[PDB]
Every structure is written in structure tokens, then in C-alpha cells.
Amino acid sequence: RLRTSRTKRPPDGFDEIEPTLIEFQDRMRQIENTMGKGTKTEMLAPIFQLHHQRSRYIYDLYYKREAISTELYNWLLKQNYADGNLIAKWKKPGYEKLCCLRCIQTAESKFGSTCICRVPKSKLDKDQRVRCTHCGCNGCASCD
RNA sequence: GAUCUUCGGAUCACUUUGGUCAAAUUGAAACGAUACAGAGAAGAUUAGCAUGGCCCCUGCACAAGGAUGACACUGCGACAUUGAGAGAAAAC
Ligand SMILES: [K+]
Ligand SMILES: [Mg+2]
Ligand SMILES: [Mg+2]
Ligand SMILES: [Zn+2]
Ligand SMILES: [Zn+2]
Ligand SMILES: [Zn+2]
């Protein structure tokens with residue numbers, strides 16, 4: 001993950017996108033330091049937020065604007081700058097706007113069911129449109 | 001929203017919330033100190049191992065320690081009464 005001055009030089013298309021990744025890292029640090037205003041699980045929601053956003057940025061670089069070479073993209077996934085499993089989920093129908101990967105797997109729930117965010121809002125009542133407790137998600141379903 | 005399909009629709013996904021319990025006087029324990037006595041076995045100094053359980057503490061322990069860890073170690077009536085006398089009473 002961490003790169004030294006004497007490490008192998010990343011592929012060519014890296015430097016122009018290096019600064020924004022640096023900004024992502026900076027704010028992740030700030031979120032780590034920032035404390036208060038939530039329950040034991042709510043304070044850990046913004047982490048997944050930024051993480052999904054960062055992975056989506058890389059996904060947008062490759063699959064929507066073809067701004068990065070395939071070599072650089074494999075390098076980025078190998079350096080954990082993006083979550084390979086989350087991107088794999090984004091590449092199949094029904095999970096285009098997946099929030100995180102803990103809201104899809106059923107072994108982490110009380111009754112073996114996915115999260116509320118995975119459910120389309122059309123069949124969900126108006127009153128029970130609440131923030132996810134896993135990551136604060138406000139609706140994953142591809143329809144919305 | 002993506003995919004087809006023919007502008008009828010079909011696919012793809014589909015219900016969270018670990019809760020000694022709401023931002024700390026008044027529902028997570030157990031005591032400091034001061035004041036009193038103040039160290040087992042029939043004189044005195046003193047080794048210990050035990051018995052009993054709504055007494056525990058240290059210990060990983062079915063070792064061993066904590067004053068021999070401490071407290072306790074007793075005691076009574078399924079007694080049948082007649083054996084006899086005396087004054088009274090009621091009775092040989
Ligand atoms: K002694
Ligand atoms: Mg002993
Ligand atoms: Mg003893
Ligand atoms: Zn979600
Ligand atoms: Zn999630
Ligand atoms: Zn969720």
C-alpha cells in the first residue's frame with residue numbers, strides 16, 4: 001500500500017490522478033481523528049461512505065471515461081486503492097449503486113436478510129425511509 | 001437505473017437496527033479513617049493436621065496458603081412414681 005521514494009514507479013497514468021487520491025487519504029485521516037456525535041456503530045458510517053466514493057472514483061475512471069490504462073487499473077486494484085469485490089458487484093445488474101459490501105450479505109443479519117437499503121423504495125412505506133445503520137445508506141436499489 | 005424487447009413488456013436486486021439498556025448526583029463492588037478490645041490446646045512460651053457449612057479470600061489448580069484462615073465444639077427429662085407418715089378433707 002504505502003509507497004517509498006525508491007519503490008517501483010507506478011504506471012504512466014498515475015501522476016495526474018495522484019493529488020485527488022491524496023485528498024481522499026487526507027480526509028480519511030480527519031475522519032479517524034474526528035470523534036463524537038453518534039452511537040457505537042454510527043460513528044463508523046462515514047468510513048464506508050468515503051471508501052465507496054473512492055472506489056467509485058476509480059470505477060468512473062475506467063468504465064465511464066476510459067481515462068486510465070488497463071495496466072494502471074490492475075495496479076490500483078492490487079495496491080488496494082480500490083475494493084475489487086465492490087467493483088465486481090457494481091459490474092453486475094441489480095448492484096449498480098451498491099453502498100458497501102456488508103449490506104448485501106445475509107450472514108451478518110439477525111434473520112438472514114439483506115439490509116433495508118437494498119430494497120426498492122416503491123414497495124417501502126414512506127415512514128420507514130431511514131438511514132442505514134451499517135453505513136448510513138439511503139437506498140441502494142438500482143431503480144432509485 | 002443496465003439489459004434486451006417492440007413501444008404490450010420482460011428480465012437484475014427485495015425489509016437493517018447485539019440492546020448493564022438515552023449526554024456520569026438517586027439501580028456494575030468494597031471500603032479509608034478515627035474511637036474500643038486487641039493473637040488457638042485446662043501455668044508460660046508456643047509446631048501444626050483435621051471435623052461442619054446460606055463464612056470466605058489468594059491461587060491455573062483435585063498443590064498449598066490466608067492466626068492450626070475465621071466461626072463453631074454441651075448437657076438435656078418417651079421419669080415410672082411408689083415407699084411411707086401428718087394435719088385436712090370426704091372414705092376405709
Ligand atoms: K501456631
Ligand atoms: Mg490451611
Ligand atoms: Mg482451619
Ligand atoms: Zn446501502
Ligand atoms: Zn452498506
Ligand atoms: Zn444497508
# chains A, B, ... in the order shown; residues from 1 in each chain; ligands from 1
call {"tool": "interface_residues", "arguments": {"of": "chain B", "to": "chain A", "cutoff": "9 Å", "atoms": "only C-alpha atoms (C1' of nucleotides)", "output": "JSON, numbers by chain"}}
result
{"B": [1, 2, 3, 12, 13, 14, 15, 16, 17]}
call {"tool": "residues_near_ligand", "arguments": {"ligand": "ligand 5", "cutoff": "7 Å", "atoms": "only C-alpha atoms (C1' of nucleotides) and all ligand atoms", "output": "PyMOL selection string"}}
result
chain A and resi 99-103+134-135+137
call {"tool": "residues_around", "arguments": {"residues": "region 68-83 of chain A", "least_positions_apart": "3", "cutoff": "12 Å", "atoms": "only C-alpha atoms (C1' of nucleotides)", "output": "PyMOL selection string"}}
result
chain A and resi 1-3+8-18+20-22+24-25+48+50-65+86-90+100-101
call {"tool": "residues_near_ligand", "arguments": {"ligand": "ligand 2", "cutoff": "10 Å", "atoms": "only C-alpha atoms (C1' of nucleotides) and all ligand atoms", "output": "PyMOL selection string"}}
result
chain B and resi 48-50+64-66+68-69
call {"tool": "write_last_selection", "arguments": {"atoms": "N, CA, C and O atoms (P, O5', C5', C4', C3', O3' and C1' of nucleotides)", "output": "PDB file, in the first residue's frame"}}
result
ATOM      1  P     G B  48       2.601 -23.437  62.815  1.00  0.00           P
ATOM      2  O5'   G B  48       2.080 -24.082  61.463  1.00  0.00           O
ATOM      3  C5'   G B  48       0.852 -24.790  61.460  1.00  0.00           C
ATOM      4  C4'   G B  48       1.116 -26.255  61.700  1.00  0.00           C
ATOM      5  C3'   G B  48       0.094 -27.219  61.147  1.00  0.00           C
ATOM      6  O3'   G B  48       0.222 -27.385  59.752  1.00  0.00           O
ATOM      7  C1'   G B  48       0.809 -27.915  63.299  1.00  0.00           C
ATOM      8  P     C B  49      -1.061 -27.103  58.837  1.00  0.00           P
ATOM      9  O5'   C B  49      -1.857 -28.477  58.880  1.00  0.00           O
ATOM     10  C5'   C B  49      -1.196 -29.697  58.590  1.00  0.00           C
ATOM     11  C4'   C B  49      -2.092 -30.881  58.831  1.00  0.00           C
ATOM     12  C3'   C B  49      -3.558 -30.676  58.505  1.00  0.00           C
ATOM     13  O3'   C B  49      -3.844 -30.735  57.123  1.00  0.00           O
ATOM     14  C1'   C B  49      -3.354 -31.771  60.586  1.00  0.00           C
ATOM     15  P     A B  50      -5.187 -30.059  56.559  1.00  0.00           P
ATOM     16  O5'   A B  50      -6.308 -31.147  56.853  1.00  0.00           O
ATOM     17  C5'   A B  50      -7.523 -30.816  57.504  1.00  0.00           C
ATOM     18  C4'   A B  50      -7.976 -31.951  58.383  1.00  0.00           C
ATOM     19  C3'   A B  50      -9.442 -31.962  58.775  1.00  0.00           C
ATOM     20  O3'   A B  50     -10.260 -32.531  57.770  1.00  0.00           O
ATOM     21  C1'   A B  50      -8.120 -32.280  60.699  1.00  0.00           C
ATOM     22  P     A B  64      -2.769 -29.851  49.617  1.00  0.00           P
ATOM     23  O5'   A B  64      -1.968 -28.495  49.831  1.00  0.00           O
ATOM     24  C5'   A B  64      -0.602 -28.506  50.214  1.00  0.00           C
ATOM     25  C4'   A B  64      -0.003 -27.128  50.127  1.00  0.00           C
ATOM     26  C3'   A B  64      -0.456 -26.137  51.185  1.00  0.00           C
ATOM     27  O3'   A B  64       0.254 -26.271  52.402  1.00  0.00           O
ATOM     28  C1'   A B  64      -0.621 -25.132  49.062  1.00  0.00           C
ATOM     29  P     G B  65      -0.287 -25.553  53.730  1.00  0.00           P
ATOM     30  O5'   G B  65       0.281 -24.074  53.607  1.00  0.00           O
ATOM     31  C5'   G B  65      -0.272 -23.010  54.360  1.00  0.00           C
ATOM     32  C4'   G B  65      -0.251 -21.723  53.580  1.00  0.00           C
ATOM     33  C3'   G B  65      -1.109 -20.600  54.134  1.00  0.00           C
ATOM     34  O3'   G B  65      -0.478 -19.888  55.181  1.00  0.00           O
ATOM     35  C1'   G B  65      -1.545 -20.841  51.834  1.00  0.00           C
ATOM     36  P     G B  66      -1.066 -19.982  56.669  1.00  0.00           P
ATOM     37  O5'   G B  66      -2.018 -18.712  56.785  1.00  0.00           O
ATOM     38  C5'   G B  66      -1.539 -17.418  56.454  1.00  0.00           C
ATOM     39  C4'   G B  66      -2.603 -16.571  55.801  1.00  0.00           C
ATOM     40  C3'   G B  66      -3.806 -16.229  56.662  1.00  0.00           C
ATOM     41  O3'   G B  66      -3.553 -15.147  57.539  1.00  0.00           O
ATOM     42  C1'   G B  66      -4.518 -16.885  54.498  1.00  0.00           C
ATOM     43  P     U B  68      -0.529 -19.942  62.217  1.00  0.00           P
ATOM     44  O5'   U B  68      -1.248 -21.356  62.368  1.00  0.00           O
ATOM     45  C5'   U B  68      -2.407 -21.653  61.606  1.00  0.00           C
ATOM     46  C4'   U B  68      -2.693 -23.129  61.539  1.00  0.00           C
ATOM     47  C3'   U B  68      -4.081 -23.495  61.025  1.00  0.00           C
ATOM     48  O3'   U B  68      -4.154 -23.580  59.614  1.00  0.00           O
ATOM     49  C1'   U B  68      -3.681 -24.617  63.062  1.00  0.00           C
ATOM     50  P     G B  69      -5.555 -23.301  58.877  1.00  0.00           P
ATOM     51  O5'   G B  69      -5.941 -21.824  59.333  1.00  0.00           O
ATOM     52  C5'   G B  69      -5.091 -20.722  59.051  1.00  0.00           C
ATOM     53  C4'   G B  69      -5.880 -19.450  58.867  1.00  0.00           C
ATOM     54  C3'   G B  69      -7.082 -19.273  59.778  1.00  0.00           C
ATOM     55  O3'   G B  69      -6.746 -18.794  61.067  1.00  0.00           O
ATOM     56  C1'   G B  69      -7.726 -18.823  57.563  1.00  0.00           C
TER      57        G B  69
END
call {"tool": "residues_near_ligand", "arguments": {"ligand": "ligand 1", "cutoff": "12 Å", "atoms": "only C-alpha atoms (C1' of nucleotides) and all ligand atoms", "output": "ChimeraX atom specification"}}
result
/B:39-41,45-48,67-68
call {"tool": "write_last_selection", "arguments": {"atoms": "N, CA, C and O atoms (P, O5', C5', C4', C3', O3' and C1' of nucleotides)", "output": "PDB file, in the first residue's frame"}}
result
ATOM      1  P     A B  39      -3.436  -9.761  71.851  1.00  0.00           P
ATOM      2  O5'   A B  39      -3.414 -11.330  71.585  1.00  0.00           O
ATOM      3  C5'   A B  39      -4.630 -12.067  71.528  1.00  0.00           C
ATOM      4  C4'   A B  39      -4.578 -13.196  70.528  1.00  0.00           C
ATOM      5  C3'   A B  39      -3.542 -14.270  70.844  1.00  0.00           C
ATOM      6  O3'   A B  39      -4.013 -15.548  70.426  1.00  0.00           O
ATOM      7  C1'   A B  39      -3.043 -13.286  68.753  1.00  0.00           C
ATOM      8  P     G B  40      -3.512 -16.847  71.224  1.00  0.00           P
ATOM      9  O5'   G B  40      -4.685 -17.908  71.053  1.00  0.00           O
ATOM     10  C5'   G B  40      -4.586 -19.170  71.693  1.00  0.00           C
ATOM     11  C4'   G B  40      -5.722 -20.088  71.325  1.00  0.00           C
ATOM     12  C3'   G B  40      -5.523 -21.543  71.742  1.00  0.00           C
ATOM     13  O3'   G B  40      -6.138 -21.819  72.987  1.00  0.00           O
ATOM     14  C1'   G B  40      -5.858 -21.434  69.402  1.00  0.00           C
ATOM     15  P     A B  41      -5.275 -21.715  74.338  1.00  0.00           P
ATOM     16  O5'   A B  41      -5.114 -23.219  74.829  1.00  0.00           O
ATOM     17  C5'   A B  41      -6.242 -24.012  75.156  1.00  0.00           C
ATOM     18  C4'   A B  41      -5.969 -25.473  74.908  1.00  0.00           C
ATOM     19  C3'   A B  41      -4.650 -26.000  75.446  1.00  0.00           C
ATOM     20  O3'   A B  41      -4.688 -26.286  76.834  1.00  0.00           O
ATOM     21  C1'   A B  41      -4.947 -26.742  73.224  1.00  0.00           C
ATOM     22  P     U B  45       1.915 -16.948  77.392  1.00  0.00           P
ATOM     23  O5'   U B  45       3.065 -17.435  76.402  1.00  0.00           O
ATOM     24  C5'   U B  45       4.265 -16.691  76.250  1.00  0.00           C
ATOM     25  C4'   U B  45       5.369 -17.516  75.638  1.00  0.00           C
ATOM     26  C3'   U B  45       5.091 -18.092  74.258  1.00  0.00           C
ATOM     27  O3'   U B  45       5.286 -17.166  73.207  1.00  0.00           O
ATOM     28  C1'   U B  45       6.017 -19.767  75.647  1.00  0.00           C
ATOM     29  P     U B  46       4.046 -16.759  72.272  1.00  0.00           P
ATOM     30  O5'   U B  46       4.437 -17.297  70.825  1.00  0.00           O
ATOM     31  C5'   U B  46       3.842 -18.476  70.302  1.00  0.00           C
ATOM     32  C4'   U B  46       4.676 -19.700  70.584  1.00  0.00           C
ATOM     33  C3'   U B  46       4.520 -20.838  69.590  1.00  0.00           C
ATOM     34  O3'   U B  46       5.324 -20.673  68.435  1.00  0.00           O
ATOM     35  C1'   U B  46       4.400 -21.681  71.807  1.00  0.00           C
ATOM     36  P     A B  47       4.820 -21.278  67.038  1.00  0.00           P
ATOM     37  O5'   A B  47       4.517 -22.804  67.377  1.00  0.00           O
ATOM     38  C5'   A B  47       3.725 -23.595  66.511  1.00  0.00           C
ATOM     39  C4'   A B  47       4.560 -24.429  65.579  1.00  0.00           C
ATOM     40  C3'   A B  47       3.764 -25.055  64.430  1.00  0.00           C
ATOM     41  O3'   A B  47       3.865 -24.337  63.220  1.00  0.00           O
ATOM     42  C1'   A B  47       4.613 -26.762  65.775  1.00  0.00           C
ATOM     43  P     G B  48       2.601 -23.437  62.815  1.00  0.00           P
ATOM     44  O5'   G B  48       2.080 -24.082  61.463  1.00  0.00           O
ATOM     45  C5'   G B  48       0.852 -24.790  61.460  1.00  0.00           C
ATOM     46  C4'   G B  48       1.116 -26.255  61.700  1.00  0.00           C
ATOM     47  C3'   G B  48       0.094 -27.219  61.147  1.00  0.00           C
ATOM     48  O3'   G B  48       0.222 -27.385  59.752  1.00  0.00           O
ATOM     49  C1'   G B  48       0.809 -27.915  63.299  1.00  0.00           C
ATOM     50  P     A B  67      -4.182 -15.140  59.016  1.00  0.00           P
ATOM     51  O5'   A B  67      -3.425 -16.332  59.752  1.00  0.00           O
ATOM     52  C5'   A B  67      -2.111 -16.156  60.268  1.00  0.00           C
ATOM     53  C4'   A B  67      -1.962 -16.735  61.653  1.00  0.00           C
ATOM     54  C3'   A B  67      -2.418 -18.183  61.787  1.00  0.00           C
ATOM     55  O3'   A B  67      -1.612 -18.877  62.740  1.00  0.00           O
ATOM     56  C1'   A B  67      -3.718 -16.806  63.211  1.00  0.00           C
ATOM     57  P     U B  68      -0.529 -19.942  62.217  1.00  0.00           P
ATOM     58  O5'   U B  68      -1.248 -21.356  62.368  1.00  0.00           O
ATOM     59  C5'   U B  68      -2.407 -21.653  61.606  1.00  0.00           C
ATOM     60  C4'   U B  68      -2.693 -23.129  61.539  1.00  0.00           C
ATOM     61  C3'   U B  68      -4.081 -23.495  61.025  1.00  0.00           C
ATOM     62  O3'   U B  68      -4.154 -23.580  59.614  1.00  0.00           O
ATOM     63  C1'   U B  68      -3.681 -24.617  63.062  1.00  0.00           C
TER      64        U B  68
END
call {"tool": "select_by_dssp", "arguments": {"residues": "region 76-134 of chain A", "states": "alpha helix (DSSP H)", "output": "list in words"}}
result
residues 76, 77, 78, 84, 85, 86, 87, 88, 89 and 90 of chain A
call {"tool": "residues_around", "arguments": {"residues": "residue 32 (chain A)", "least_positions_apart": "2", "cutoff": "12 Å", "atoms": "only C-alpha atoms (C1' of nucleotides)", "output": "PyMOL selection string"}}
result
chain A and resi 25-30+34-36+43-47+50
call {"tool": "decode", "arguments": {"residues": "region 47-90 of chain A", "atoms": "C-alpha atoms", "output": "compact mmCIF listing (two decimals), in the first residue's frame"}}
result
# COMPACT_ATOMS: atom_id res chain seq x y z
CA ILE A 47 -15.66 5.47 6.68
CA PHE A 48 -17.65 3.28 4.32
CA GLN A 49 -19.02 6.43 2.73
CA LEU A 50 -15.65 7.75 1.68
CA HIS A 51 -14.45 4.26 0.82
CA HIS A 52 -17.33 3.70 -1.57
CA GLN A 53 -16.79 7.12 -3.04
CA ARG A 54 -13.11 6.47 -3.61
CA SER A 55 -13.75 3.12 -5.24
CA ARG A 56 -16.44 4.72 -7.37
CA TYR A 57 -13.97 7.37 -8.49
CA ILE A 58 -11.61 4.70 -9.75
CA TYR A 59 -14.51 2.81 -11.28
CA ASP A 60 -15.57 6.01 -13.02
CA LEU A 61 -12.03 6.49 -14.29
CA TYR A 62 -12.03 3.12 -16.02
CA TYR A 63 -15.54 2.14 -17.05
CA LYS A 64 -17.12 5.54 -17.80
CA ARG A 65 -14.40 7.91 -19.04
CA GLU A 66 -11.61 5.46 -20.04
CA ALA A 67 -9.14 7.95 -18.59
CA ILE A 68 -6.73 5.30 -17.26
CA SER A 69 -4.91 2.41 -18.89
CA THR A 70 -5.72 -1.18 -18.00
CA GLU A 71 -2.22 -1.65 -16.57
CA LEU A 72 -2.70 1.25 -14.16
CA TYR A 73 -6.15 -0.02 -13.18
CA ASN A 74 -4.87 -3.50 -12.32
CA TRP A 75 -2.08 -1.82 -10.37
CA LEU A 76 -4.60 0.30 -8.45
CA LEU A 77 -6.68 -2.74 -7.50
CA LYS A 78 -3.53 -4.60 -6.46
CA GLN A 79 -2.43 -1.65 -4.29
CA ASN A 80 -5.84 -1.66 -2.52
CA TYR A 81 -6.60 1.85 -3.76
CA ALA A 82 -9.96 0.33 -4.75
CA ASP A 83 -12.04 -2.59 -3.48
CA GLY A 84 -12.07 -5.29 -6.13
CA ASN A 85 -15.11 -7.07 -4.71
CA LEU A 86 -17.18 -3.88 -4.55
CA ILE A 87 -16.31 -3.09 -8.17
CA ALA A 88 -17.19 -6.66 -9.14
CA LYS A 89 -20.59 -6.14 -7.52
CA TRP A 90 -21.00 -2.86 -9.40
